[PDB]
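Asks: My structure is in input-v3.pdb, and what it holds is PDB, C-alpha atoms:
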MODEL        1
ATOM      1  CA  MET A   1    -215.322-186.180  27.436  1.00  0.00           C
ATOM      2  CA  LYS A   2    -214.039-188.300  24.551  1.00  0.00           C
ATOM      3  CA  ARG A   3    -217.597-189.183  23.540  1.00  0.00           C
ATOM      4  CA  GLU A   4    -217.959-188.348  19.844  1.00  0.00           C
ATOM      5  CA  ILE A   5    -216.084-186.476  17.111  1.00  0.00           C
ATOM      6  CA  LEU A   6    -216.544-184.875  13.691  1.00  0.00           C
ATOM      7  CA  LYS A   7    -213.213-183.938  12.110  1.00  0.00           C
ATOM      8  CA  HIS A   8    -213.322-180.375  13.435  1.00  0.00           C
ATOM      9  CA  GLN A   9    -214.223-179.535  17.035  1.00  0.00           C
ATOM     10  CA  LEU A  10    -216.007-176.283  16.195  1.00  0.00           C
ATOM     11  CA  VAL A  11    -218.531-175.689  13.416  1.00  0.00           C
ATOM     12  CA  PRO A  12    -218.947-173.138  10.580  1.00  0.00           C
ATOM     13  CA  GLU A  13    -221.825-170.716  10.026  1.00  0.00           C
ATOM     14  CA  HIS A  14    -224.711-172.390   8.196  1.00  0.00           C
ATOM     15  CA  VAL A  15    -227.064-170.006   6.402  1.00  0.00           C
ATOM     16  CA  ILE A  16    -230.181-170.830   4.383  1.00  0.00           C
ATOM     17  CA  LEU A  17    -230.256-169.503   0.831  1.00  0.00           C
ATOM     18  CA  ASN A  18    -233.140-169.125  -1.575  1.00  0.00           C
ATOM     19  CA  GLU A  19    -232.848-171.185  -4.755  1.00  0.00           C
ATOM     20  CA  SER A  20    -232.405-167.831  -6.503  1.00  0.00           C
ATOM     21  CA  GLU A  21    -229.887-166.377  -4.040  1.00  0.00           C
ATOM     22  CA  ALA A  22    -228.023-169.648  -3.834  1.00  0.00           C
ATOM     23  CA  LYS A  23    -228.083-169.856  -7.624  1.00  0.00           C
ATOM     24  CA  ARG A  24    -226.102-166.659  -8.184  1.00  0.00           C
ATOM     25  CA  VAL A  25    -223.773-167.421  -5.318  1.00  0.00           C
ATOM     26  CA  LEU A  26    -223.003-170.941  -6.503  1.00  0.00           C
ATOM     27  CA  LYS A  27    -222.275-169.682 -10.002  1.00  0.00           C
ATOM     28  CA  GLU A  28    -220.690-166.570  -8.533  1.00  0.00           C
ATOM     29  CA  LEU A  29    -218.379-169.008  -6.782  1.00  0.00           C
ATOM     30  CA  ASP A  30    -217.751-170.614 -10.208  1.00  0.00           C
ATOM     31  CA  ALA A  31    -220.082-173.608  -9.918  1.00  0.00           C
ATOM     32  CA  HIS A  32    -223.682-174.829  -9.968  1.00  0.00           C
ATOM     33  CA  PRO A  33    -225.700-176.747  -7.354  1.00  0.00           C
ATOM     34  CA  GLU A  34    -225.819-179.725  -9.716  1.00  0.00           C
ATOM     35  CA  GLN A  35    -222.051-179.853  -9.313  1.00  0.00           C
ATOM     36  CA  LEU A  36    -221.853-179.097  -5.607  1.00  0.00           C
ATOM     37  CA  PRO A  37    -222.875-181.806  -3.087  1.00  0.00           C
ATOM     38  CA  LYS A  38    -226.545-182.237  -2.183  1.00  0.00           C
ATOM     39  CA  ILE A  39    -227.724-183.874   1.030  1.00  0.00           C
ATOM     40  CA  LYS A  40    -231.097-185.614   1.115  1.00  0.00           C
ATOM     41  CA  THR A  41    -233.906-184.139   3.193  1.00  0.00           C
ATOM     42  CA  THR A  42    -233.881-187.490   4.999  1.00  0.00           C
ATOM     43  CA  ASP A  43    -230.275-186.761   5.945  1.00  0.00           C
ATOM     44  CA  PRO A  44    -229.487-184.491   8.943  1.00  0.00           C
ATOM     45  CA  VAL A  45    -228.984-181.740   6.370  1.00  0.00           C
ATOM     46  CA  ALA A  46    -232.711-181.014   6.519  1.00  0.00           C
ATOM     47  CA  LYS A  47    -232.972-181.569  10.270  1.00  0.00           C
ATOM     48  CA  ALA A  48    -230.245-178.950  10.417  1.00  0.00           C
ATOM     49  CA  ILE A  49    -231.268-175.327   9.883  1.00  0.00           C
ATOM     50  CA  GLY A  50    -234.735-176.795   9.294  1.00  0.00           C
ATOM     51  CA  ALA A  51    -233.914-176.885   5.584  1.00  0.00           C
ATOM     52  CA  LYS A  52    -236.555-178.011   3.119  1.00  0.00           C
ATOM     53  CA  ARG A  53    -236.473-179.849  -0.199  1.00  0.00           C
ATOM     54  CA  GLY A  54    -235.007-177.182  -2.459  1.00  0.00           C
ATOM     55  CA  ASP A  55    -233.033-175.055  -0.008  1.00  0.00           C
ATOM     56  CA  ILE A  56    -229.301-174.381  -0.329  1.00  0.00           C
ATOM     57  CA  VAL A  57    -227.121-173.804   2.723  1.00  0.00           C
ATOM     58  CA  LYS A  58    -224.215-171.370   2.966  1.00  0.00           C
ATOM     59  CA  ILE A  59    -221.252-172.588   5.030  1.00  0.00           C
ATOM     60  CA  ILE A  60    -218.140-170.467   5.578  1.00  0.00           C
ATOM     61  CA  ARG A  61    -214.822-171.787   6.872  1.00  0.00           C
ATOM     62  CA  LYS A  62    -212.424-169.406   8.610  1.00  0.00           C
ATOM     63  CA  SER A  63    -208.692-170.030   8.265  1.00  0.00           C
ATOM     64  CA  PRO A  64    -205.393-168.281   9.173  1.00  0.00           C
ATOM     65  CA  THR A  65    -204.480-165.281   6.996  1.00  0.00           C
ATOM     66  CA  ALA A  66    -208.040-164.100   6.345  1.00  0.00           C
ATOM     67  CA  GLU A  67    -208.751-167.321   4.449  1.00  0.00           C
ATOM     68  CA  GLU A  68    -212.495-167.903   4.118  1.00  0.00           C
ATOM     69  CA  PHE A  69    -213.769-171.093   2.480  1.00  0.00           C
ATOM     70  CA  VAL A  70    -217.414-171.234   1.413  1.00  0.00           C
ATOM     71  CA  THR A  71    -219.333-174.324   0.296  1.00  0.00           C
ATOM     72  CA  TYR A  72    -222.999-174.517  -0.716  1.00  0.00           C
ATOM     73  CA  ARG A  73    -225.195-177.567  -0.217  1.00  0.00           C
ATOM     74  CA  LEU A  74    -228.601-178.034  -1.829  1.00  0.00           C
ATOM     75  CA  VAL A  75    -231.368-179.860   0.024  1.00  0.00           C
ATOM     76  CA  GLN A  76    -232.821-182.364  -2.433  1.00  0.00           C
ATOM     77  CA  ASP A  77    -235.360-185.180  -2.163  1.00  0.00           C
TER
ENDMDL
END
Take the structure I supplied and represent it as structure tokens, if you would.

Replies:
Amino acid sequence: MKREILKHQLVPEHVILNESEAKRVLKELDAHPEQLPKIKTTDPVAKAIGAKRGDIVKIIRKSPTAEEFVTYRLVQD
């Protein structure tokens, strides 16, 4: 134990969105991917969920009082 950390012990649900699906969602959320944060395909972002250059990921955060926080990340080169 006490090897490594990452802010939160557990992890959220990462889903892969199509540039189209992620497009509506992002804007549906009141934002665009250009605004949101984008992790390079060289970064673990791609290694994770086998994302490819041009794929947005859907991450949901569960909190007390039915509080769900969603954040989209676009895989960019």

Asks: Give me the residues near residue 68 (chain A) as a ChimeraX atom specification, where near means some atom within 12 Å (using only C-alpha atoms) and where sequence neighbours in that chain fewer than 4 positions away do not count.

Replies: /A:12-13,59-64

Asks: Could you spell out the hits of the PyMOL selection byres ((chain A and resi 44-58) around 9) on the shown file, as a ChimeraX atom specification?

Replies: /A:13-19,21-23,33,38-43,59-60,70-77

Asks: Just how far from CA of residue 69 (chain A) is CA of residue 26 (chain A), in Å to one decimal?

Replies: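 Separation between CA of residue 26 (chain A) and CA of residue 69 (chain A): 12.9 Å.
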